[PDB]
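Letter by letter, the chains look like this.
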Amino acid sequence: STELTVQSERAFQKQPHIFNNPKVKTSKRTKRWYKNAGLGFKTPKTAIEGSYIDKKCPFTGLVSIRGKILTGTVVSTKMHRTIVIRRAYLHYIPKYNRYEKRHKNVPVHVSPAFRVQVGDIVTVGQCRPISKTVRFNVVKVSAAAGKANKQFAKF
Amino acid sequence: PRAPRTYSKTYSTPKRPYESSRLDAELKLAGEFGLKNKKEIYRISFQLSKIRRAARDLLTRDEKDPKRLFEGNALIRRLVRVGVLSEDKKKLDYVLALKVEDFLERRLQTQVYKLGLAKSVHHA
Amino acid sequence: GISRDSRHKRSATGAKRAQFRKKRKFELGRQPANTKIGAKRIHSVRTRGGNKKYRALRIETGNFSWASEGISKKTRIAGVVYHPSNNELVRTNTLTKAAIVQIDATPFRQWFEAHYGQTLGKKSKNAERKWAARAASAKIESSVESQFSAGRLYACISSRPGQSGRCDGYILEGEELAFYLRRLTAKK
Amino acid sequence: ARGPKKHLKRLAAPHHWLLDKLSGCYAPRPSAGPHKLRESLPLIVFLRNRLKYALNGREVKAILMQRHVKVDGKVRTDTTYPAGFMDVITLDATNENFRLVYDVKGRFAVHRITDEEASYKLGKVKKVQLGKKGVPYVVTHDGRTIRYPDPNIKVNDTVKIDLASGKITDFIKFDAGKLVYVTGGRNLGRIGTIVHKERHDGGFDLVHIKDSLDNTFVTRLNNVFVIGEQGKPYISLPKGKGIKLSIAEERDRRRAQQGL
RNA sequence: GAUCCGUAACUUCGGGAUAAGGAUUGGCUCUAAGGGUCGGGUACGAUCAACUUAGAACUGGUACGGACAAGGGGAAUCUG
RNA sequence: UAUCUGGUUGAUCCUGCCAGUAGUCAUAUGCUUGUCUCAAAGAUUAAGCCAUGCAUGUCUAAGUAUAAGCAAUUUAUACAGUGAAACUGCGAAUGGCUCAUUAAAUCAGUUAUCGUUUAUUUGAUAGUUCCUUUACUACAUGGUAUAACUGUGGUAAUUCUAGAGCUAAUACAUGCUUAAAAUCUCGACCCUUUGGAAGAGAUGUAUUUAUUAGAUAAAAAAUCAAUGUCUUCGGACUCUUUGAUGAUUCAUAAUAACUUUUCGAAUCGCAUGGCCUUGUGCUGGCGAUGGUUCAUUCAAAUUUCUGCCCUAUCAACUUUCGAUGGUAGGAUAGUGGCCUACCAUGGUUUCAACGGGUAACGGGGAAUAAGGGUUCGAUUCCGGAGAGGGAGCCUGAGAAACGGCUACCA
RNA sequence: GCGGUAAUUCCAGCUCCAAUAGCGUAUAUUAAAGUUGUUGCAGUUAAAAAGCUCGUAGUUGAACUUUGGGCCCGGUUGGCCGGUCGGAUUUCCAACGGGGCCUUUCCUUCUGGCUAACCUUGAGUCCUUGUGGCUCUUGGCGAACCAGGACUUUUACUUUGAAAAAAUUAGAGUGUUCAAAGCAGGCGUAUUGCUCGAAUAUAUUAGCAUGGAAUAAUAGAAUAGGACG
RNA sequence: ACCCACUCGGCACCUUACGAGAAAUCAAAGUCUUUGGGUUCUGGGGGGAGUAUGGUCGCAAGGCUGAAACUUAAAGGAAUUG
RNA sequence: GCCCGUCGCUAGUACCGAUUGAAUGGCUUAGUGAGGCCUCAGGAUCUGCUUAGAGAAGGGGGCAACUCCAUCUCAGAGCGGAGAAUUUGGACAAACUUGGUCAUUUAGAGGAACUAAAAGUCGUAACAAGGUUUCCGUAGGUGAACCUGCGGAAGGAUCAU
Ligand SMILES: [Mg+2]
Ligand SMILES: [Mg+2]
Ligand SMILES: [Mg+2]
Ligand SMILES: [Mg+2]
Ligand SMILES: [Mg+2]
Ligand SMILES: [Mg+2]
Ligand SMILES: [Mg+2]
Ligand SMILES: [Mg+2]
Ligand SMILES: [Mg+2]
Ligand SMILES: [Mg+2]
Ligand SMILES: [Mg+2]
Ligand SMILES: [Mg+2]
Ligand SMILES: [Mg+2]
Ligand SMILES: [Mg+2]
Ligand SMILES: [Mg+2]
Ligand SMILES: [Mg+2]
Ligand SMILES: [Mg+2]
Ligand SMILES: [Mg+2]
Ligand SMILES: [Mg+2]
Ligand SMILES: [Mg+2]
Ligand SMILES: [Mg+2]
Ligand SMILES: [Mg+2]
Ligand SMILES: [Mg+2]
Ligand SMILES: [Mg+2]
Ligand SMILES: [Mg+2]
Ligand SMILES: [Mg+2]
Ligand SMILES: [Mg+2]
Ligand SMILES: [Mg+2]
Ligand SMILES: [Mg+2]
Ligand SMILES: [Mg+2]
Ligand SMILES: [Mg+2]
Ligand SMILES: [Mg+2]
Ligand SMILES: [Mg+2]
Ligand SMILES: [Mg+2]
Ligand SMILES: [Mg+2]
Ligand SMILES: [Mg+2]
Ligand SMILES: [Mg+2]
Ligand SMILES: [Mg+2]
Ligand SMILES: [Mg+2]
Ligand SMILES: [Mg+2]
Ligand SMILES: [Mg+2]
Ligand SMILES: [Mg+2]
Ligand SMILES: [Mg+2]
Ligand SMILES: [Mg+2]
Ligand SMILES: [Mg+2]
Ligand SMILES: [Mg+2]
Ligand SMILES: [Mg+2]
Ligand SMILES: [Mg+2]
Ligand SMILES: [Mg+2]
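Residues numbered from 1 in each chain as written, not as in the entry; some residues may be left out. Chains lettered and ligands numbered in written order. Part of a larger assembly, values for the part shown. Heavy atoms only, no water. Residues with missing side-chain atoms left out of burial classes, pairs and counts.

**Here's the deal with the sheet that holds strand β5 (residues 61-66) of chain C**
All names here are of chain C.
- Ordered by their spatial adjacency, six strands build an open sheet running β6-β5-β10-β9-β8-β7, and the pairing between neighbours is mixed. Only two strands of the sheet have a single partner each, and these edge strands are β6 (71-76) and β7 (79-82). Going across the sheet, the axis of each strand differs from the next one's by a mean of 40°, ignoring polarity.
- Sheet analysis places β5 next to strand β10 (residues 169-171), joined by two bridges and oriented parallel. The residue of β10 that forms the bridge with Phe 64 is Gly 169. (Pairing = 2+ DSSP bridges. Helix = DSSP H or I, 4+ residues; strand = E, 2+ residues; numbered from the N terminus. Axes fitted to C-alpha atoms, helices over the stretch in contact; angles between N-to-C directions.)

And the structure:
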């Protein structure tokens, strides 16, 4: 989430061990570090262009993606820098030889290299435990607005 | 802490307890081959019953199926070996048929008498 | 003892969870070093599988490195002026990581005026060459240089004293120094 | 459960040992060593259940303590010592040598070898890293760590070893069309030359295999062991050469020779 | 006393209720929130004047509505 | 291995249950009981209570022998055979037993550690330790303080022990050491250039911090600040070195320092031999126990995906006193509201949350045979949990241990 | 349902039946039960359609978008023959499957590495009057997958396969004297060893991997804020 | 306005019954052991009993939701003859 | 013939119910708070390092001057280590007292159902136009079945002007 203010915290936010020498005058004023997550996921430009900090970011941060890669549709963006997704699926009951609708909600971190709104399908991938609940990180967006600009005014 | 010693029971018992026809049919078989038990008939019917089951299931499979050919021939060759199954009908549509006496006829009880040596099933 | 398990602590649904098993030695926590300043006192602690940890209480000196200057010195730790986690750490001059301290500057001055032949604030033949080959880049920085007058320098603690028994850090510079300078006066 | 388990119950014992259900409760627990528990063959099984040299387990200690048996060149007094795949077992009395090598059924076979072949072995490098002081090392499947290997040597490449010294005398790259021994899966013991490999970034690379009956099959890369070039192994193969006849074929063969 | 927590049967739904049952309260030293007024072309600046409420340290022979002031409570029967 | 039969009526056809019938790795009980093999067995109720005995100890040529022990022979006047006691080391965290708790827990299949610890086995791995660096540091080897024992004792009573006197180490506590080379900082001087120099100190590994290298998405240029190698003194730099992964601040290395300074053999058994300048000089065979770092193996701890019985006469639940997320810290072996501070208002639910019940440990499986199903699994294997009930902790690689301790309750 | 004075049901004697080293009883569970019904129930009058309509959750939901035709390659059964000393492969035939092409036809895609295959042909030919046949390098196949870049509408279903403890189950082999079992054993020169074994199947939801593109969803381009260059 | 023929959608009757049902009967109660168009609701021998209890609605009367123990071999439906 | 209810006897089951009734089990407020662990102190005794004296020893190498290393022994002094009893403050937290809550049980005068049940007493409600057709809903009333009013149904005793 973020939304500016950058240095807004009590502690000074910085990327660890990335050092910008004040004696040497540079043009970007801050040396920025980033990596490529792997599994062919594009590291979004906003991560490289961005000023944000987020030590929990898969592109700019200290975590790493390994294990399960899952998708789900976004059912809540309320908590700052983290979302909740619903993953539907059909569960097979053999005796009746049919299925039933089931779902799980999976809490997952979202870097502010992404702008997410409710309804977007999103791809996530597994994490070291980030928080009490969140075990996953948002690694790509498969939707955009779900046709928001198509809601516009009278012709 | 030892591996369980496995076991199985060798007989089955008829549901209808009193069936005058089955009873008569049973006694004769005993009175012929010289058996002390209805169980000695019950046992054979159970052995025969599992054989027919195996046979039945094999038949539902497609002809020349790898499992069917392998296991089918084994069943046949086992049955033929002991002398229940005729050499002429080797193809297991007759093992599906068979019947009890074909098994009874092969007991050492009977062979010792059929060959003389006894001149009674009971002396046998 | 202190237990680090999640088996207490209601589930994400909010449900209350029954007690399963008992406190295991391996989910154990321990009490804070709450390490303070002066008169070195260190107590080792026996951790999992041999493996000493050094719990500091009362440290008077640490190893502080000037980053842009590519050196490190051992200096007295004067005090704790700022902490982001808790203010009581500052009130009580408690040493933990990320704490903002004030240290010495006399060791850092000595090396500088020896290395650059300059003397912040306000004869040998070989040395003269070195100093002349140097400077032009002796320009230091405003906010960092004006601090030597005080004979005290702002620095951040980068180590974990209740863990390693070391209190170590780096002189504050640039943007980061700016940040804490603002915080200091805008509350003071 | 409070610490390392020191016992092994029968029926919890790996099946390729071919131990019998009764006549006991426990089975020997393989000691820590060069090979993993479930994939090893303790000396007590080999000197008793395989070679029938001893009757009691107590006699297997008797044989061992006299320094008869030796593994890969050293003496190995451990009763439960975990001897694995590729290892060399040598009786100087009886003048016999052995290399532990798999069946077609996925069992360790009694396999006699020459005197000179018993002076070397093969191992698969499970990793290659950069050690302290900048010295690169390789680690093989039996736990050997060998300093200063060839730079061209990479993971999964098999390696020929001196055994009288820790040195590598040659290596074989993992390439399309190299002879391969399958260790793992239900294809364990088959020998197939490597048709082609599937990548699958993120885990478990598949490896396609064909013996020569011109039969095909697949296992995970981890379970593939390169033993050589097509038709030419670097070690002597056991009879049957990992062809895996069908149940019918075996039945035919076994009943093909009935002649007394 | 006051602040905070917590409060049953029953009921004409208005009550019962300060139900019952609990914690806290000095001194001193700090922090934060809450306002007025004037000039702005057709974001903020400058100045002055008020005890309230919450939070935090320190401190004492564990005391603090320190005198004064200030409801005992609960379950029933008869009866208006 | 796809079967029905008796009972409502005066008779009739239905509906429908009751009864019959057959099996049970299903218990009990009654009567009867000759042979072979096979062999479960205080689960159910009371994870109720326990007399007594036993169930955990352990020595190789190879840590410690002045037994005032035995044996004596056999080279042994330091020791040398055998060996009580005791010290040291290691084990007692395995095994065995039970099924009380436990309902998204455990458990199963499937995952993750780029999120950690690991005695041991196995394979690797250590020339650096002192000091202003000629009158020097024990290295041919530095220090005591204790058991057993001897002797004096206490108590009704225990695997209770006190005072006094001895003596060991692979216990305790100290502490020397070894090649060459190169790179770094200083710099006495001398002389002005384009500048170069004698010799002084620093540099094992580990610890803590900061900085740097660890390229590769296909190719070329100018300039600033430093400053490298080669001069055919305008100048050139030509070949220029690169490990792994899907992915890293990875492995690994370099710079400035840091440390009540980790480790770097004061150990043991067999043999005793070479080699001359005859010093008991200087060398030297096999293998034992150690020892730091890495790997391996035996493990462990957390961990992804999906899957539980009855219940709405449980519809809302979660933040009291963390509920859901953010930042920083603390703590842990380590991730993480695991804890704290600050901030925010989140998290779950008719696709059944939350609550309740379970005469509930989960699983491999068991019984019943047209099929679909139904019912069961305390119990030979696997996993978990416990040791009368709670909590706490010492030892250690590993225990929140109970045939360990401490406290409260019974 | 028997017994109230000739009791085919009681108490016995006699005789008879069923199972038999075993047989009865009690309790539970399963089959019989299509009396829990997915397969597979019943609801006018036997037990059972809410007084009525609206309506969210749930379940369910019309038709239509590459079909048709042509060419090629090589598999496995079965026939009529057998060439051969029980099994063999060619050509003749059907039959049922697999792959790849051209028909206006993305197969993600460029930049090389690779090529197995012919539009090739460079010579001719073992040999049946010759397109029956393959060795054979100099113009001319992409996809068969390597690896680097640049990007990709989402699912369900089905196929094959990897990964998969043993015991139990199904089941092959083997004459524990039989059998339940066990995983043994079987041959000799039985005086100094020879030797076959210790199979196979199931393992279903989920996860992984691969083939398919019917069936059933999902997304797209209408204020053009579209598509390619 | 009325007559005749057609056609949608109505309320109903008549005759049949291929078909269905235990029958009475039924153009649905048919197209069901040759058992699957979609979907909602209820019943599972008779009593006990629409009772006890809790919840909830109501001014009240009462409505909605709604058990068990125990008892019992029948209760019941359609049709035939008396 | 069948058949309904009150009333009366025997036996059994569950219900309501003064006792602000009783018991077990799981959580838990508030108050009290053991113990080990961490921590501020403590210092029985028992030594280290350093400084100086007095009495002897051993020599780096000299004719007198000159001088190092280790080790033992008593007046006295500067700056640290171990360490028992004790003890500050903490987290962890058994347990005790008094309450609350949930679940599973449970006594009770008396009240009031049902059944065994077929019969006994009183009547005749139903079954035939059951002798006032029956039945539903609602309401009021009566020893008991039941009667009566308003509106329904035919399952009526009418498929019909
Ligand atoms: Mg938030
Ligand atoms: Mg503390
Ligand atoms: Mg062992
Ligand atoms: Mg009151
Ligand atoms: Mg106060
Ligand atoms: Mg103000
Ligand atoms: Mg009165
Ligand atoms: Mg009055
Ligand atoms: Mg009757
Ligand atoms: Mg009758
Ligand atoms: Mg009559
Ligand atoms: Mg029955
Ligand atoms: Mg018990
Ligand atoms: Mg038991
Ligand atoms: Mg007990
Ligand atoms: Mg002696
Ligand atoms: Mg155990
Ligand atoms: Mg001492
Ligand atoms: Mg590289
Ligand atoms: Mg000598
Ligand atoms: Mg509701
Ligand atoms: Mg946080
Ligand atoms: Mg809130
Ligand atoms: Mg529910
Ligand atoms: Mg239980
Ligand atoms: Mg179990
Ligand atoms: Mg169960
Ligand atoms: Mg039990
Ligand atoms: Mg308790
Ligand atoms: Mg305990
Ligand atoms: Mg015990
Ligand atoms: Mg124990
Ligand atoms: Mg009579
Ligand atoms: Mg009689
Ligand atoms: Mg029977
Ligand atoms: Mg079906
Ligand atoms: Mg029915
Ligand atoms: Mg009726
Ligand atoms: Mg009805
Ligand atoms: Mg209706
Ligand atoms: Mg409704
Ligand atoms: Mg459709
Ligand atoms: Mg499959
Ligand atoms: Mg008719
Ligand atoms: Mg009382
Ligand atoms: Mg009742
Ligand atoms: Mg009448
Ligand atoms: Mg009358
Ligand atoms: Mg009447």
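**A word on the interface of chain B and chain D**
- Facing eight residues of chain B, the contacting portion of chain D comprises nine residues.
- Across the chain B/chain D interface, buried area totals approximately 710 Å², and carbon plus sulfur atoms make up 67% of it.
- Contact with chain D buries area across many residues of chain B, yet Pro 1, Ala 3 and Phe 70 of chain B alone supply 63% of it, more than any other trio.
- Where chain B packs against chain D, one counts zero salt bridges.
- The tally of links from chain B across to chain D stands at zero residue pairs in polar contact.
- Split by residue class, the side of chain B that touches chain D holds four nonpolar, one polar and three charged. (Contact = heavy atoms within 4.5 Å. Buried area = accessible area lost by both parts, 1.4 Å probe. Salt bridge = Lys/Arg side-chain N within 4 Å of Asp/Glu carboxyl O. Polar contact = N/O pair within 3.5 Å; in protein donor to acceptor, adjacent residues only side chain to side chain. Nonpolar A, V, L, I, M, F, W, Y, C, P; charged D, E, K, R; others polar.)

**Some remarks on the protein's contact with RNA strand I**
All names here are of chain C.
- The environment of RNA strand I is made up of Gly 1, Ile 2, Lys 16, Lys 23, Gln 31, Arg 41, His 43, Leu 57 and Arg 58.
- Within 4 Å of the protein, the contacting atoms of RNA strand I are 80% sugar and phosphate, with bases supplying the remainder.
- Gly 1 places a polar main-chain atom, nitrogen or oxygen, 3.2 Å from a sugar or linking oxygen of RNA strand I.
- The separation between a phosphate oxygen of RNA strand I and a polar side-chain atom of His 43 is 2.8 Å.
- Split into classes, the residues belonging to the surface near RNA strand I amount to two nonpolar, three polar and four charged. (Near = heavy atom within 4 Å.)

**Quick look at the interface of chain A and chain C**
- Each partner contributes residues to the interface: chain A has 13 residues there, and chain C has 24 residues.
- The junction of chain A with chain C conceals about 1,400 Å² of combined surface from both sides, 52% of it contributed by carbon and sulfur atoms.
- For chain A, the biggest contributors to the area lost against chain C are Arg 10, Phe 12 and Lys 23 of chain A; these three give 47% of the whole.
- When the shortest N-O distance is used, the salt bridge between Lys 14 of chain A and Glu 176 of chain C registers 2.6 Å.
- A per-class count over the side of chain A that touches chain C returns four nonpolar, three polar and six charged.

**What to know about the pattern of salt bridges**
Residue and element names in this part refer to chain D.
- Using the criterion set out here, one finds 34 salt bridges over all chains in the structure.
- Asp 201 is the partner of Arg 199 in a salt bridge, and the nearest nitrogen-oxygen pair spans 2.4 Å.
- By relative accessible area, which is 60% here, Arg 199 ends up exposed.
- With relative accessibility at 48%, the residue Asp 201 sits in the partly exposed group.
- Put simply, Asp 72, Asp 87, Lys 121, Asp 142 and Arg 144 are held in one network by salt bridges that share partners. (Buried < 20%, exposed > 50% of the residue type's maximum accessible area, 1.4 Å probe, protein only.)

**Considering the side chain of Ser 31 of chain D**
All names here are of chain D.
- Locating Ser 31 in the fold gives a position in the segment before β1 (41-42).
- Side-chain polar atoms of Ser 31 contact the side chain of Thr 80, separated by 2.2 Å.
- The residues contacting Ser 31, other than those within four sequence positions of it, are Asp 78, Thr 80, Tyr 81 and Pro 82.

**Section: empty space enclosed by the protein**
- One number sums up the size of the largest cavity: a volume of about 50 Å³.
- Lining the largest cavity, in full, are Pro 22 and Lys 23 of chain A together with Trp 66, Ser 68, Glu 69, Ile 140, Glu 141, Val 144 and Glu 173 of chain C.
- For the lining of the largest cavity, the per-class residue count stands at four nonpolar, one polar and four charged.
- In this structure, the lining of the largest cavity is formed jointly by two domains, domain 2 (31-105 + 152-188) and domain 3 (106-151) of chain C, each of which donates at least three residues. (1 Å grid on protein atoms, 1.4 Å probe; cavity = no way out; pocket = protein on both sides within 12 Å on 5 of 7 lines; lining within 4 Å. Points joined across faces, edges and corners; volume = space filled by probe spheres on them. Domains from an automatic or database assignment.)

**Examining helix α1 (residues 20-33) of chain B**
Residue and element names in this part refer to chain B.
- The terminal C-alpha atoms of α1, which comprises 14 residues, lie 20 Å apart, in line with the 20 Å expected from a rise of 1.5 Å per residue.
- Those residues of α1 not exposed but buried are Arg 22, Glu 26, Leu 29, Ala 30 and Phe 33. Within α1, the buried residues cover an arc of 95° as seen down the axis, which keeps them to one side. For α1, the exposed residues lying more than 90 degrees away from the buried face are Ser 20, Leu 27 and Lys 28.
- In this structure, the buried side of α1 is in contact with α2 (39-60), α4 (100-104) and α5 (108-114). (Expected span 1.5 Å × (residues − 1). Arc of directions from axis to C-beta.)

**Side note on the sheet that holds strand β3 (residues 98-109) of chain A**
All names here are of chain A.
- On the basis of which strands lie adjacent, the closed barrel formed by five strands has the order β1-β2-β3-β5-β4 and mixed pairing. Averaged over all adjacent pairs, the angle separating strand axes in this sheet is 50°, with direction ignored.
- Pairing geometry for β3 and strand β5 (residues 136-141), over two bridges, is parallel. Directly across from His 109, in β5, lies its bridge partner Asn 137.

**A look at the domain arrangement of chain D**
Residue and element names in this part refer to chain D.
- Along its sequence, chain D is carved into domain 1 (1-116), domain 2 (121-171) and domain 3 (174-244).
- Computed from C-alpha coordinates alone, the two centres of domain 1 and domain 2 are separated by 25 Å.
- Tallying the contact residues gives eight residues for domain 1 and seven residues for domain 2.
- In total, about 600 Å² of surface goes out of reach between domain 1 and domain 2, with carbon and sulfur atoms giving 50% of it.
- Looking at the side of domain 1 facing domain 2, the largest losses of area belong to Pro 34, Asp 72 and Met 86, adding up to 66% of the total buried there.

**Some thoughts on the packing of aromatic side chains**
- According to the stated counting rule, one finds 14 aromatic pairs over all chains in the structure shown.
- Each ring, one from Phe 85 of chain D and one from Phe 225 of chain D, has its centre 5.2 Å from the other, and the planes form 85°; the classification is edge-to-face. Note that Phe 85 of chain D is positioned in the loop between β3 (82-83) and β4 (88-91) and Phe 225 of chain D in strand β16 (residues 224-229), a separation of 140 residues in sequence.
- An aromatic cluster of at least three residues, connected via ring pairs, comprises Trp 66, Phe 108, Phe 112, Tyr 116 and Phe 148 of chain C.
- Looking at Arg 183 of chain C, its charged tip hangs above the ring of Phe 179 of chain C, at a distance of 4.1 Å from the centre.
- A cation sits over an aromatic face here: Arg 190 of chain D above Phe 217 of chain D, 3.9 Å from the ring centre. (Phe/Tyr/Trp six-rings, centres within 6.5 Å; stacked < 30°, edge-to-face > 60°. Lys NZ or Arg CZ within 6 Å of the ring centre and 35° of its normal.)

**Description of the arrangement of the chains**
- The protein chains that touch form three pairs of chains, and the pair with the most contacts between them is chains A and C.
- Kept free of each other, chain A and chain B leave a smallest C-alpha distance of 24 Å between them.
- Here chain B and chain C are not in contact; the least distance found between their C-alpha atoms is 27 Å.

**Section: the pairing of strand β4 (residues 52-57) of chain C**
Residue and element names in this part refer to chain C.
- Pairing analysis gives six bridges linking strand β3 (residues 41-46) to β4, with the strands arranged antiparallel. Considered in β4, the bridge of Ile 42 is made with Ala 56.
- Hairpin connection between β3 and β4: a loop of five residues separates the two successive antiparallel strands, and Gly 49 in this loop has a positive phi of roughly 65°.

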